[PDB]
Every structure is written in C-alpha cells, then in structure tokens.
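Raw contents of final-v5.csv, CSV, C-alpha atoms and all ligand atoms:
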chain,number,residue,atom,x,y,z
A,284,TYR,CA,-120.5,2.1,0.6
A,285,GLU,CA,-121.3,4.3,3.7
A,286,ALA,CA,-118.2,4.8,5.9
A,287,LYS,CA,-116.4,2.4,3.5
A,288,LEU,CA,-115.6,5.4,1.3
A,289,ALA,CA,-114.9,7.7,4.3
A,290,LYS,CA,-112.5,5.1,5.7
A,291,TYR,CA,-110.8,4.7,2.3
A,292,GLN,CA,-110.5,8.5,2.1
A,293,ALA,CA,-109.0,8.7,5.6
A,294,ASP,CA,-106.6,5.9,4.9
A,295,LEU,CA,-105.6,7.5,1.5
A,296,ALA,CA,-104.7,10.9,3.3
A,297,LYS,CA,-102.6,8.9,5.9
A,298,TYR,CA,-101.0,6.9,3.1
A,299,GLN,CA,-100.0,10.2,1.3
A,300,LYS,CA,-98.5,11.5,4.6
A,301,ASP,CA,-96.5,8.2,5.2
A,302,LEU,CA,-95.3,8.2,1.6
A,303,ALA,CA,-94.0,11.8,2.0
A,304,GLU,CA,-92.3,10.9,5.3
A,305,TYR,CA,-90.9,7.4,4.3
A,306,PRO,CA,-87.7,8.5,2.7
A,307,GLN,CA,-86.5,10.5,5.7
A,308,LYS,CA,-87.5,7.7,8.1
A,309,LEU,CA,-85.6,5.2,5.9
A,310,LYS,CA,-82.5,7.4,5.8
A,311,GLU,CA,-82.5,7.8,9.6
A,312,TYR,CA,-83.0,4.1,10.1
A,313,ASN,CA,-80.1,3.3,7.8
A,314,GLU,CA,-77.8,5.9,9.4
A,315,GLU,CA,-78.6,4.6,12.9
A,316,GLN,CA,-78.1,0.9,11.9
A,317,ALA,CA,-74.7,1.7,10.4
A,318,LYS,CA,-73.7,3.4,13.7
A,319,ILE,CA,-74.9,0.5,15.8
A,320,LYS,CA,-73.1,-2.1,13.7
A,321,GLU,CA,-69.8,-0.1,14.1
A,322,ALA,CA,-70.4,0.2,17.9
A,323,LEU,CA,-71.0,-3.6,18.0
A,324,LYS,CA,-67.8,-4.3,16.1
A,325,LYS,CA,-65.9,-2.5,18.8
A,326,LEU,CA,-67.8,-4.2,21.7
A,327,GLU,CA,-66.9,-7.6,20.2
A,328,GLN,CA,-63.2,-6.7,20.3
A,329,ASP,CA,-63.6,-5.3,23.8
A,330,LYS,CA,-65.9,-8.1,25.1
A,331,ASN,CA,-63.4,-9.1,27.9
A,332,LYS,CA,-62.6,-5.6,29.1
A,333,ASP,CA,-64.1,-4.6,32.5
A,334,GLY,CA,-67.8,-3.8,32.3
A,335,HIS,CA,-68.4,-5.1,28.8
A,336,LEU,CA,-71.0,-7.7,27.8
A,337,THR,CA,-69.4,-11.1,27.1
A,338,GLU,CA,-71.9,-11.5,24.3
A,339,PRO,CA,-72.6,-7.9,23.0
A,340,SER,CA,-75.8,-6.9,21.3
A,341,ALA,CA,-77.8,-3.8,20.8
A,342,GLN,CA,-80.5,-2.7,23.3
A,343,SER,CA,-83.8,-2.8,21.5
A,344,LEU,CA,-85.9,-1.9,24.6
A,345,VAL,CA,-85.4,1.7,25.7
A,346,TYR,CA,-86.7,1.5,29.3
A,347,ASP,CA,-84.6,3.7,31.6
A,348,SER,CA,-87.3,5.9,33.4
A,349,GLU,CA,-91.1,6.3,33.6
A,350,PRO,CA,-91.7,8.9,36.4
A,351,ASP,CA,-95.2,9.7,35.1
A,352,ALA,CA,-96.6,6.2,34.7
A,353,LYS,CA,-100.0,5.3,36.2
A,354,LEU,CA,-100.5,2.4,38.4
A,355,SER,CA,-103.4,0.0,38.7
A,356,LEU,CA,-103.4,-3.0,41.1
A,357,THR,CA,-105.7,-6.1,41.4
A,358,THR,CA,-105.4,-9.1,43.6
A,359,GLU,CA,-108.1,-11.9,43.9
A,360,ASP,CA,-106.7,-13.1,47.3
A,361,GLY,CA,-104.5,-10.3,48.6
A,362,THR,CA,-105.2,-7.0,50.5
A,363,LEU,CA,-104.5,-3.6,48.9
A,364,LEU,CA,-103.7,-1.2,51.7
A,365,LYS,CA,-105.1,2.2,52.6
A,366,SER,CA,-102.5,5.0,52.5
A,367,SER,CA,-103.2,6.1,56.0
A,368,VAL,CA,-102.5,2.5,57.4
A,369,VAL,CA,-99.2,2.5,55.4
A,370,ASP,CA,-98.5,6.0,56.9
A,371,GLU,CA,-99.2,4.9,60.5
A,372,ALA,CA,-97.0,1.8,60.1
A,373,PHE,CA,-94.0,4.1,59.0
A,374,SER,CA,-94.4,6.3,62.1
A,375,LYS,CA,-93.9,3.4,64.5
A,376,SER,CA,-91.3,0.7,65.5
A,377,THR,CA,-88.0,0.5,63.5
A,378,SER,CA,-88.8,3.1,60.8
A,379,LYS,CA,-89.9,5.7,63.4
A,380,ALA,CA,-86.5,7.2,63.9
A,381,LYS,CA,-86.2,8.1,60.2
A,382,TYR,CA,-89.9,9.0,59.9
A,383,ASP,CA,-89.2,11.7,62.6
A,384,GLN,CA,-86.4,13.1,60.3
A,385,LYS,CA,-88.9,13.4,57.4
A,386,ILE,CA,-87.4,10.2,55.7
A,387,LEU,CA,-89.4,7.2,54.5
A,388,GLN,CA,-86.9,4.4,55.2
A,389,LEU,CA,-88.3,1.5,53.4
A,390,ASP,CA,-85.8,-1.1,54.6
A,391,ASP,CA,-86.6,-0.2,58.2
A,392,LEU,CA,-90.4,-0.7,57.9
A,393,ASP,CA,-91.8,-3.1,60.5
A,394,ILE,CA,-94.6,-4.5,58.4
A,395,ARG,CA,-96.6,-5.8,61.4
A,396,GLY,CA,-97.8,-2.2,61.6
A,397,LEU,CA,-99.7,-2.8,58.3
A,398,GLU,CA,-101.7,-5.8,59.6
A,399,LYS,CA,-104.5,-3.7,61.3
A,400,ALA,CA,-108.3,-4.5,61.3
A,401,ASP,CA,-109.9,-2.1,58.8
A,402,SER,CA,-107.0,-1.6,56.4
A,403,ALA,CA,-108.3,-2.9,53.0
A,404,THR,CA,-109.2,-0.7,50.0
A,405,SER,CA,-110.6,-1.7,46.5
A,406,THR,CA,-108.2,0.5,44.5
A,407,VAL,CA,-104.7,1.7,44.7
A,408,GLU,CA,-103.9,4.5,47.1
A,409,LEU,CA,-100.4,5.9,46.4
A,410,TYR,CA,-98.1,6.8,49.3
A,411,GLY,CA,-94.6,8.2,49.3
A,412,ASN,CA,-92.9,11.6,49.5
A,413,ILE,CA,-96.0,13.3,47.9
A,414,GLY,CA,-99.0,15.5,49.0
A,415,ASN,CA,-98.2,16.7,52.6
A,416,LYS,CA,-94.9,14.8,52.3
A,417,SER,CA,-93.7,16.5,49.1
A,418,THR,CA,-90.7,17.8,51.1
A,419,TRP,CA,-89.8,14.4,52.5
A,420,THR,CA,-87.1,12.1,51.2
A,421,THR,CA,-87.0,8.3,50.6
A,422,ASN,CA,-84.0,6.1,50.9
A,423,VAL,CA,-84.7,4.7,47.4
A,424,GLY,CA,-84.8,8.1,45.5
A,425,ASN,CA,-83.5,10.7,48.0
A,426,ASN,CA,-85.2,14.0,46.8
A,427,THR,CA,-86.8,12.5,43.7
A,428,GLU,CA,-90.5,12.0,43.9
A,429,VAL,CA,-91.3,8.3,44.6
A,430,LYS,CA,-94.6,6.6,45.5
A,431,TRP,CA,-96.2,3.2,45.7
A,432,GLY,CA,-99.3,1.1,46.0
A,433,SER,CA,-99.1,-1.2,49.0
A,434,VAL,CA,-100.3,-4.9,49.1
A,435,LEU,CA,-100.1,-7.7,51.6
A,436,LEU,CA,-99.6,-11.1,50.1
A,437,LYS,CA,-99.0,-14.5,51.5
A,438,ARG,CA,-97.0,-17.3,49.9
A,439,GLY,CA,-98.7,-18.2,46.6
A,440,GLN,CA,-100.7,-15.1,46.4
A,441,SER,CA,-100.3,-12.6,43.6
A,442,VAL,CA,-100.9,-9.0,42.6
A,443,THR,CA,-101.3,-7.8,39.0
A,444,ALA,CA,-99.9,-4.4,38.3
A,445,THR,CA,-100.8,-2.5,35.1
A,446,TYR,CA,-98.7,0.6,34.3
A,447,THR,CA,-100.1,3.0,31.6
A,448,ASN,CA,-99.4,6.7,30.6
A,449,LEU,CA,-95.8,5.8,29.5
A,450,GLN,CA,-93.9,8.7,28.0
A,451,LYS,CA,-90.4,7.4,27.2
A,452,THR,CA,-90.5,3.6,26.7
A,453,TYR,CA,-89.8,2.2,23.2
A,454,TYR,CA,-89.2,-1.2,21.7
A,455,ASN,CA,-87.4,-1.2,18.2
A,456,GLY,CA,-88.2,2.5,18.1
A,457,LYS,CA,-92.0,2.0,18.5
A,458,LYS,CA,-93.9,3.4,21.6
A,459,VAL,CA,-94.9,1.0,24.4
A,460,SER,CA,-98.4,1.7,25.6
A,461,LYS,CA,-98.8,-0.4,28.7
A,462,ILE,CA,-96.8,-2.8,30.9
A,463,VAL,CA,-98.4,-5.6,33.0
A,464,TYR,CA,-96.6,-7.4,35.8
A,465,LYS,CA,-97.9,-10.2,37.9
A,466,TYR,CA,-96.0,-10.4,41.2
A,467,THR,CA,-96.3,-13.6,43.2
A,468,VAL,CA,-94.8,-14.5,46.6
A,469,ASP,CA,-92.7,-17.6,46.0
A,470,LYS,CA,-94.1,-20.3,48.3
A,471,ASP,CA,-90.6,-21.5,49.1
A,472,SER,CA,-89.7,-18.2,50.8
A,473,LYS,CA,-88.5,-18.9,54.4
A,474,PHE,CA,-89.4,-15.6,56.2
A,475,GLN,CA,-90.8,-15.9,59.8
A,476,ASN,CA,-93.5,-13.2,59.9
A,477,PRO,CA,-96.2,-15.1,61.9
A,478,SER,CA,-99.1,-13.8,59.8
A,479,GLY,CA,-97.4,-15.2,56.7
A,480,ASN,CA,-97.7,-11.8,55.0
A,481,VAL,CA,-95.2,-10.0,52.8
A,482,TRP,CA,-95.5,-6.3,52.0
A,483,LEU,CA,-95.0,-5.3,48.4
A,484,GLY,CA,-94.4,-1.7,47.8
A,485,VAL,CA,-95.1,-1.4,44.0
A,486,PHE,CA,-93.7,1.9,42.8
A,487,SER,CA,-95.8,3.9,40.2
A,488,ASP,CA,-92.6,4.2,38.0
A,489,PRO,CA,-92.2,0.6,36.9
A,490,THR,CA,-88.4,1.2,36.3
A,491,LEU,CA,-87.9,1.5,40.0
A,492,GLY,CA,-89.5,-1.9,40.5
A,493,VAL,CA,-90.7,-3.3,43.9
A,494,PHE,CA,-89.8,-3.1,47.6
A,495,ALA,CA,-90.6,-6.5,49.0
A,496,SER,CA,-90.4,-7.0,52.8
A,497,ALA,CA,-91.3,-9.4,55.6
A,498,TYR,CA,-89.2,-7.5,58.1
A,499,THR,CA,-90.8,-7.4,61.6
A,500,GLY,CA,-88.1,-5.2,63.2
A,501,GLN,CA,-85.7,-8.1,64.0
A,502,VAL,CA,-83.2,-9.9,61.8
A,503,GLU,CA,-83.8,-13.6,60.9
A,504,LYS,CA,-81.5,-16.5,60.5
A,505,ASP,CA,-82.1,-18.9,57.6
A,506,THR,CA,-84.6,-16.6,56.0
A,507,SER,CA,-85.5,-15.7,52.5
A,508,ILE,CA,-88.0,-13.6,50.4
A,509,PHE,CA,-88.6,-14.4,46.8
A,510,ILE,CA,-91.0,-12.6,44.4
A,511,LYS,CA,-91.9,-14.1,41.0
A,512,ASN,CA,-92.3,-11.4,38.4
A,513,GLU,CA,-94.2,-12.3,35.2
A,514,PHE,CA,-94.5,-9.5,32.6
A,515,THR,CA,-95.9,-8.6,29.2
A,516,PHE,CA,-95.2,-5.2,27.4
A,517,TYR,CA,-97.9,-3.8,25.0
A,518,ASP,CA,-97.6,-1.9,21.6
A,519,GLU,CA,-99.4,1.2,20.3
A,520,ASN,CA,-102.3,-1.1,19.2
A,521,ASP,CA,-102.6,-2.6,22.7
A,522,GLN,CA,-101.1,-6.0,21.5
A,523,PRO,CA,-98.4,-8.0,23.4
A,524,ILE,CA,-94.9,-7.3,22.2
A,525,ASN,CA,-93.0,-10.4,21.0
A,526,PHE,CA,-89.5,-9.4,22.1
A,527,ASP,CA,-86.5,-10.4,20.1
A,528,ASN,CA,-83.5,-10.4,22.4
A,529,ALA,CA,-84.4,-7.3,24.4
A,530,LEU,CA,-82.0,-6.8,27.2
A,531,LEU,CA,-83.2,-6.8,30.8
A,532,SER,CA,-81.0,-5.4,33.5
A,533,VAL,CA,-80.7,-7.3,36.9
A,534,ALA,CA,-78.7,-4.8,39.0
A,535,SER,CA,-77.8,-4.5,42.6
A,536,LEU,CA,-77.3,-8.2,43.3
A,537,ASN,CA,-75.7,-7.6,46.7
A,538,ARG,CA,-73.7,-10.3,48.5
A,539,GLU,CA,-72.6,-9.7,52.1
A,540,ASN,CA,-71.1,-12.4,54.4
A,541,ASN,CA,-74.7,-13.3,55.6
A,542,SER,CA,-76.9,-12.4,52.7
A,543,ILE,CA,-77.2,-13.1,48.9
A,544,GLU,CA,-79.5,-11.2,46.5
A,545,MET,CA,-80.3,-13.4,43.5
A,546,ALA,CA,-82.4,-13.9,40.4
A,547,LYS,CA,-83.7,-17.3,39.5
A,548,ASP,CA,-86.4,-19.2,37.5
A,549,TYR,CA,-85.9,-16.9,34.6
A,550,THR,CA,-86.9,-17.0,31.0
A,551,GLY,CA,-84.3,-16.1,28.4
A,552,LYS,CA,-80.5,-16.2,28.4
A,553,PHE,CA,-78.2,-14.8,31.0
A,554,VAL,CA,-75.4,-12.7,29.6
A,555,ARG,CA,-72.4,-12.2,31.9
A,556,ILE,CA,-70.7,-8.9,32.2
A,557,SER,CA,-66.8,-9.1,32.1
A,558,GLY,CA,-65.3,-8.2,35.5
A,559,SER,CA,-68.6,-8.5,37.4
A,560,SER,CA,-69.2,-10.4,40.6
A,561,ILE,CA,-72.3,-11.8,39.0
A,562,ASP,CA,-72.5,-15.1,37.2
A,563,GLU,CA,-75.0,-17.9,36.7
A,564,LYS,CA,-74.8,-21.1,38.7
A,565,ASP,CA,-77.5,-23.9,38.7
A,566,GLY,CA,-80.2,-21.6,37.2
A,567,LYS,CA,-79.4,-18.8,39.7
A,568,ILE,CA,-77.8,-15.5,39.1
A,569,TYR,CA,-75.8,-14.0,41.9
A,570,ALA,CA,-72.3,-13.3,43.2
A,571,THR,CA,-71.1,-16.9,42.9
A,572,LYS,CA,-67.5,-16.8,43.9
A,573,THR,CA,-66.9,-13.5,45.9
A,574,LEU,CA,-68.7,-11.2,48.2
A,575,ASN,CA,-69.3,-7.7,46.8
A,576,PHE,CA,-69.9,-5.6,49.9
A,577,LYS,CA,-66.5,-4.2,50.9
A,578,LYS,CA,-63.0,-3.9,49.2
A,579,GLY,CA,-60.7,-6.8,50.4
A,580,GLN,CA,-63.5,-8.6,52.2
A,581,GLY,CA,-64.5,-12.0,50.9
A,582,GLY,CA,-62.8,-11.3,47.6
A,583,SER,CA,-64.7,-8.2,46.7
A,584,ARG,CA,-62.9,-5.7,44.4
A,585,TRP,CA,-64.9,-2.7,45.5
A,586,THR,CA,-67.1,-1.3,48.2
A,587,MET,CA,-70.8,-1.2,47.6
A,588,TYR,CA,-71.4,2.2,49.4
A,589,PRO,CA,-69.5,5.4,48.9
A,590,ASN,CA,-66.7,5.6,51.5
A,591,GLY,CA,-64.1,7.8,49.7
A,592,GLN,CA,-62.0,5.1,47.9
A,593,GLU,CA,-61.7,4.6,44.2
A,594,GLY,CA,-64.6,2.7,42.6
A,595,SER,CA,-66.5,2.6,45.9
A,596,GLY,CA,-70.3,3.2,45.8
A,597,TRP,CA,-70.7,0.8,42.9
A,598,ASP,CA,-74.3,0.2,44.0
A,599,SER,CA,-76.5,2.9,42.5
A,600,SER,CA,-78.2,3.9,39.2
A,601,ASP,CA,-75.6,6.3,38.0
A,602,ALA,CA,-72.2,4.9,39.3
A,603,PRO,CA,-69.8,4.0,36.4
A,604,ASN,CA,-68.9,0.5,37.8
A,605,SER,CA,-72.5,-0.5,38.9
A,606,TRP,CA,-71.9,-3.4,36.5
A,607,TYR,CA,-69.9,-5.0,39.4
A,608,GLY,CA,-73.2,-6.2,40.9
A,609,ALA,CA,-75.1,-6.5,37.6
A,610,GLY,CA,-76.0,-8.9,34.9
A,611,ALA,CA,-78.3,-8.9,31.9
A,612,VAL,CA,-80.9,-11.3,30.6
A,613,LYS,CA,-81.7,-11.5,26.9
A,614,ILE,CA,-85.5,-12.0,26.6
A,615,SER,CA,-87.8,-13.1,23.8
A,616,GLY,CA,-91.5,-13.9,23.4
A,617,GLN,CA,-94.5,-12.0,24.7
A,618,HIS,CA,-94.6,-13.5,28.2
A,619,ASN,CA,-91.5,-13.5,30.4
A,620,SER,CA,-90.7,-14.3,34.0
A,621,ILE,CA,-88.0,-13.9,36.6
A,622,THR,CA,-87.8,-14.4,40.3
A,623,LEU,CA,-85.9,-11.9,42.5
A,624,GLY,CA,-85.1,-12.3,46.2
A,625,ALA,CA,-82.7,-12.2,49.1
A,626,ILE,CA,-81.7,-15.3,51.1
A,627,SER,CA,-79.4,-16.1,54.1
A,628,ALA,CA,-76.0,-17.2,52.7
A,629,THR,CA,-76.0,-20.4,54.7
A,630,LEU,CA,-79.0,-21.7,52.7
A,631,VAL,CA,-77.1,-21.3,49.5
A,632,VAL,CA,-73.4,-22.0,50.1
A,633,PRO,CA,-71.5,-24.0,52.7
A,634,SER,CA,-71.2,-22.4,56.1
A,635,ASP,CA,-67.9,-20.5,56.2
A,636,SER,CA,-66.4,-17.9,58.6
A,637,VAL,CA,-65.7,-15.3,55.9
A,638,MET,CA,-68.1,-16.3,53.0
A,639,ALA,CA,-71.3,-17.4,54.8
A,640,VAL,CA,-71.9,-16.6,58.4
A,641,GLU,CA,-75.0,-17.6,60.4
A,642,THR,CA,-75.8,-13.9,61.4
A,643,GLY,CA,-79.5,-13.0,60.9
A,644,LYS,CA,-80.6,-10.6,58.1
A,645,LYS,CA,-83.6,-8.5,57.2
A,646,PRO,CA,-86.0,-10.4,54.8
A,647,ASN,CA,-86.4,-7.5,52.4
A,648,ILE,CA,-85.2,-6.4,49.0
A,649,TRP,CA,-85.5,-3.6,46.6
A,650,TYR,CA,-85.2,-4.8,43.1
A,651,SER,CA,-85.8,-3.4,39.7
A,652,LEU,CA,-86.1,-4.8,36.2
A,653,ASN,CA,-85.5,-2.4,33.5
A,654,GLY,CA,-83.6,-1.7,30.3
A,655,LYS,CA,-80.8,0.3,31.9
A,656,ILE,CA,-78.1,-2.2,31.2
A,657,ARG,CA,-75.1,-1.5,33.4
A,658,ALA,CA,-72.5,-2.8,30.9
A,659,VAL,CA,-70.4,-0.1,29.1
A,660,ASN,CA,-71.5,1.5,25.8
A,661,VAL,CA,-74.4,-0.8,24.8
A,662,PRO,CA,-76.0,0.9,21.8
A,663,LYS,CA,-79.7,1.7,21.8
A,664,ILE,CA,-82.1,1.3,18.8
A,665,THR,CA,-84.2,4.4,18.7
A,666,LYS,CA,-85.2,4.5,15.0
A,667,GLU,CA,-88.0,2.1,13.8
A,668,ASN,CA,-87.5,0.2,10.5
A,669,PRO,CA,-90.2,1.9,8.5
A,670,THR,CA,-92.8,-0.2,6.7
A,671,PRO,CA,-93.2,0.9,3.0
A,672,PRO,CA,-96.6,2.6,2.8
A,673,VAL,CA,-99.3,0.6,1.1
A,674,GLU,CA,-101.9,2.5,-1.0
A,675,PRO,CA,-105.4,1.3,0.1
A,676,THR,CA,-107.9,0.0,-2.5
A,677,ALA,CA,-111.3,1.7,-3.1
A,678,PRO,CA,-114.6,-0.1,-1.9
B,701,MG,MG,-79.4,-4.9,45.9
Any chance you could give the structure as structure tokens?
Ligand SMILES: [Mg+2]
Amino acid sequence: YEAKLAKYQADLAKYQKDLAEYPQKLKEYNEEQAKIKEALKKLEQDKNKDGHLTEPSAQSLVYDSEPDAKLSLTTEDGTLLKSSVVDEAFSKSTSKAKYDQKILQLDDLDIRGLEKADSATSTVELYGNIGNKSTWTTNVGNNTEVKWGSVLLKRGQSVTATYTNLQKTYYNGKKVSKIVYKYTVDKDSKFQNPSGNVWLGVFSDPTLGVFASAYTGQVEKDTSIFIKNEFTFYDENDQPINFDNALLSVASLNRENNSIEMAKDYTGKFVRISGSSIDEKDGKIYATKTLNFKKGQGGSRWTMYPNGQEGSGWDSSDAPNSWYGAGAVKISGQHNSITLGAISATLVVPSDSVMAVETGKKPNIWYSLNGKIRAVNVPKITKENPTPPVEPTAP
C-alpha cells in the first residue's frame, strides 16, 4: 500500500485527463477516416492514370524527413572511420576537383583514401557540410545540412545503425521513438576494390538513407554493389512496431545503358505505380523493359536530369513525376528487409547495343528507404484511433 496508492492516484489523474480529451480525439479520428475513405475511392477509379498506385491504400507511416535524428553505429567486424581520415580521402584523387570548389561529391570519392593505417574509432564521428564546412555543399542535399558516419565493410560484414531523437515520424498517428537498421554488404557483390572494402556513408537523417561505394577512381565492367537493409521501428514505449501494410518508397531506381539500380530480397508486397519504368521481375524491382535515363533512348519517356524539356529531371525528391523511377513496397511485421544495389546491365539482361552495353560503371549508389511514396495523392493517416480510457482500480 506504499506507492500502490500513489500510482493509482497518478493513473486516476491521467484517466481523468484522457476521458476529458477522448471525445475530441474520436471526432478527429472519425473525420480523418471519412476523408481518407473518399480519397481512396477516387484513387481506385484513377488506379491506371499516370503516377497512381495500381493497388491504392493509405499511408500509415509518416516518414518524410528527420533532419535532427541522432546516429549511433556499431559493427563487430567492421571499422568505423575517423572524420579526419574521411576528410583527407575527399581532398585527394577523383573527388579533389569538387573538394576544391567546396563541394563534397560523394559519387566521386575514391574510397582507397579511407584505407589508412590509424583510421579506426570506437564511436561515430559525423562528417559532412558542417563545422568548418557549414558553408560547403554536397551533391546529395545541395545547401541543406547533411552528415554521415563512415564505415568500412567487407562482404558479409554488417553495421547496426540506431537513429533516436526523431521529431516528425509517426505510425498510425503514434510517435516513433527509435529506428534500427542493420546494413550488410551482400556477399555476391562483384566490385573489384582489392582490399574487399565498401564504404558506407550512413546519413544522420535516416530518410536520406545510405551512400554505398566501392569506387576506386576507375569504372568497372561486370561490377555490382548490394547492401542488405534490415530494419525495425520502435514505439513510444520502446517496443517494436508490428506494421500493417505501411508503405515503403523505393525511389531513384536508375537504369542507363550500362547500369541498373535495383531492389531485391525484400519482405512484403511490391505495388507497381501506373506509368512507371519500375516493375518486379523474378523477385527484383527495377526498370524491367526500358531505360529511364534520357528521353527517346532505350524506350525512356523522360530524362532523369533537368535539361529544359517537359517532365525532365524526374529524379529528385520534389519532382512531380519522380514516380517514373519509383515503386512501393507494402510491409508488415516487426522485422523487415530489402536489398538495394547497382549492377552492370550485362549481368542482368542479355547484351545489347542499346539496352545493355559492356561499358564500365562506378560501383556506388545512393539509396533511401522512407515513407515519401512518389505516387500521386496517397492519403496519410495522421490521427490515432483513440483507446477508450479505462478507470484504474484501487489497491
Ligand atoms: Mg538512383
């Protein structure tokens, strides 16, 4: 009868508060549900128009941006890298030209520069356009502040990234407290870096994802880099979330004549976007029938980068037709998995003078997994279904 009564009394005050607030929360839930159901009736009717989900549903996972998240890294077999080693590597070789114009050009980084003698650290040191480089830009965010922990991993090795301090992430209108990703280098990757190392730049904002690279400053024929991504999201009580058809966006699945970006080995259900270059074929999600790099070339409708033409620059976060290189995966359960990578076209499709040339590519990729579904007008669930308050019983 000690803190039993004090607990009961605390829970009674909280009950009284929830009872007072419950009718307004129920009203707001009911109004939002009504809105969502009407938006879904229209999406069903429009399911074959350009940029619409072939199987429309509401987005329960609000997971667009987390600029203020906090990053923690652990690897049992890998090497977390000192910032100053990462900085030195950026200043030399193929990224030097951009580093001298105050730009961190992640896709030009020659990762051999990271393989120095006394490089290891026990905890994450963030690097990016921050501190003394607060006026610098990066090719991934331009002027926006981006930073990452750096790790060297070989085939089969993994890093576990924990992201806390999340300000805007919600599932079914409840706040997400923590996200844990385990990133593993897929053993079947074909990259040639003699050390066997891959650099993962793990951004502090988990919605920006990962920059994965084995680039040594030359292109490679018959190369690939794949990163397995296993993840669990956690609720306000630090418990794993059991997703029920949350939508995961797989965007920027670029296909050029020599290079395919693809997702594979995924949990959940692929949902095609109407009009998109992206489909599923043999458990792999990519541009299956056409290239998507340049209008007219290899069957592509649009041009991936902004050139001036109509619907060009499809490949960015804010472009209206970014769905052209996107798909969605409907996920459930508490533990989910997907593998993202880039591979030489000739390892995937028959050799062909337009669709699959032998020309070498850079074994790198920037990918992201988030809730920013690129299909048009997908409604978000922002209001929780309130649980009727239960009056507690006295000791
Ligand atoms: Mg891409």
Go through A:383, A:304, A:338, A:598 and flag the residue nearest ligand MG 701 (chain B), using all atoms listed in the file for the distances.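 Going through A:383, A:304, A:338, A:598 one by one, the smallest distance to ligand MG 701 (chain B) is for A:598.
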Of the candidates A:376, A:490, A:467, A:642, which shows the shortest atom-to-atom distance to residue A:502, using only C-alpha atoms?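 Looking only at the distances to residue A:502, the closest residue turns out to be A:642.
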Please provide as a PDB file with C-alpha atoms, in the coordinates of the input all residues within 8 Å of residue A:459, with the sequence filter that same-chain residues fewer than 3 positions apart are discarded (counting only C-alpha atoms).
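Done, and the output landed in result-v8.pdb:
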ATOM      1  CA  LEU A 449     -95.800   5.800  29.500  1.00  0.00           C
ATOM      2  CA  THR A 452     -90.500   3.600  26.700  1.00  0.00           C
ATOM      3  CA  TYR A 453     -89.800   2.200  23.200  1.00  0.00           C
ATOM      4  CA  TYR A 454     -89.200  -1.200  21.700  1.00  0.00           C
ATOM      5  CA  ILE A 462     -96.800  -2.800  30.900  1.00  0.00           C
ATOM      6  CA  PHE A 516     -95.200  -5.200  27.400  1.00  0.00           C
ATOM      7  CA  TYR A 517     -97.900  -3.800  25.000  1.00  0.00           C
ATOM      8  CA  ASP A 518     -97.600  -1.900  21.600  1.00  0.00           C
ATOM      9  CA  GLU A 519     -99.400   1.200  20.300  1.00  0.00           C
TER      10      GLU A 519
END
Go through A:420, A:550, A:415, A:615 and flag the residue nearest residue A:526, using all atoms listed in the file for the distances.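 Smallest separation from residue A:526 among the options: A:615.
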Of the listed residues A:579, A:414, A:401, A:390, that which approaches ligand MG 701 (chain B) most closely, counting only C-alpha atoms and all ligand atoms: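 When distances to ligand MG 701 (chain B) are compared using only C-alpha atoms and all ligand atoms, the smallest one comes from A:390.
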Shell of 7 Å around ligand MG 701 (chain B) (all atoms listed in the file), written as a PyMOL selection string: chain A and resi 534-537+544+648-650
Please save C-alpha atoms of the selected residues as an mmCIF file, keeping the file's coordinate frame.
data_model
loop_
_atom_site.group_PDB
_atom_site.id
_atom_site.type_symbol
_atom_site.label_atom_id
_atom_site.label_comp_id
_atom_site.auth_asym_id
_atom_site.auth_seq_id
_atom_site.Cartn_x
_atom_site.Cartn_y
_atom_site.Cartn_z
ATOM 1 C CA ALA A 534 -78.700 -4.800 39.000
ATOM 2 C CA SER A 535 -77.800 -4.500 42.600
ATOM 3 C CA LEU A 536 -77.300 -8.200 43.300
ATOM 4 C CA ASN A 537 -75.700 -7.600 46.700
ATOM 5 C CA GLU A 544 -79.500 -11.200 46.500
ATOM 6 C CA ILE A 648 -85.200 -6.400 49.000
ATOM 7 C CA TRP A 649 -85.500 -3.600 46.600
ATOM 8 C CA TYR A 650 -85.200 -4.800 43.100
#
Tell me, as a PyMOL selection string, which residues lie within 8 Å of stretch 393-397 of chain A, counting all atoms listed in the file; anything in the same chain fewer than 6 positions away does not count. chain A and resi 364+368-369+371-373+375-378+481-482+496-500
Expected file: the selected residues, C-alpha atoms, as a tab-separated table (two decimals), keeping the file's coordinate frame:
chain	number	residue	atom	x	y	z
A	364	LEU	CA	-103.70	-1.20	51.70
A	368	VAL	CA	-102.50	2.50	57.40
A	369	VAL	CA	-99.20	2.50	55.40
A	371	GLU	CA	-99.20	4.90	60.50
A	372	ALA	CA	-97.00	1.80	60.10
A	373	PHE	CA	-94.00	4.10	59.00
A	375	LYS	CA	-93.90	3.40	64.50
A	376	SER	CA	-91.30	0.70	65.50
A	377	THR	CA	-88.00	0.50	63.50
A	378	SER	CA	-88.80	3.10	60.80
A	481	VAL	CA	-95.20	-10.00	52.80
A	482	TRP	CA	-95.50	-6.30	52.00
A	496	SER	CA	-90.40	-7.00	52.80
A	497	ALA	CA	-91.30	-9.40	55.60
A	498	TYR	CA	-89.20	-7.50	58.10
A	499	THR	CA	-90.80	-7.40	61.60
A	500	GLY	CA	-88.10	-5.20	63.20
Smallest atom-to-atom distance to residue A:574: which of A:543, A:483, A:640, A:444, using all atoms listed in the file? A:543
The residue from A:562, A:370, A:428, A:398 with the smallest atom-to-atom distance to residue A:488, counting all atoms listed in the file, is A:428
Can you tell me which residues surround residue A:565 at a distance of at most 12 Å, considering all atoms listed in the file, apart from same-chain residues fewer than 5 positions away, and format the answer as a list in words?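 The neighbour list is residues 545, 546, 547, 548, 549, 553, 571 and 631 of chain A.
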For stretch 313-326 of chain A: contacts at 12 Å, all atoms listed in the file, fewer than 6 positions along chain excluded, given as JSON, numbers by chain: {"A": [306, 307, 332, 333, 334, 335, 336, 337, 338, 339, 340, 341, 342, 343, 455, 456, 556, 557, 658, 659, 660, 661, 662, 663, 664, 665, 666, 667, 668, 669]}
Surrounding residues of stretch 591-594 of chain A excluding itself and chain neighbours under 4 positions, 12 Å, all atoms listed in the file, as a ChimeraX atom specification: /A:577-578,583-587,598-599,602-607
Between atom CA of residue A:408 and atom CA of residue A:439, what distance in Å does the model show, to one decimal?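 Straight-line distance from atom CA of residue A:408 to atom CA of residue A:439 works out to 23.3 Å.
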Interatomic distance (Å, one decimal) between atom CA of residue A:433 and atom CA of residue A:352: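 Distance between the two atoms: 16.3 Å.
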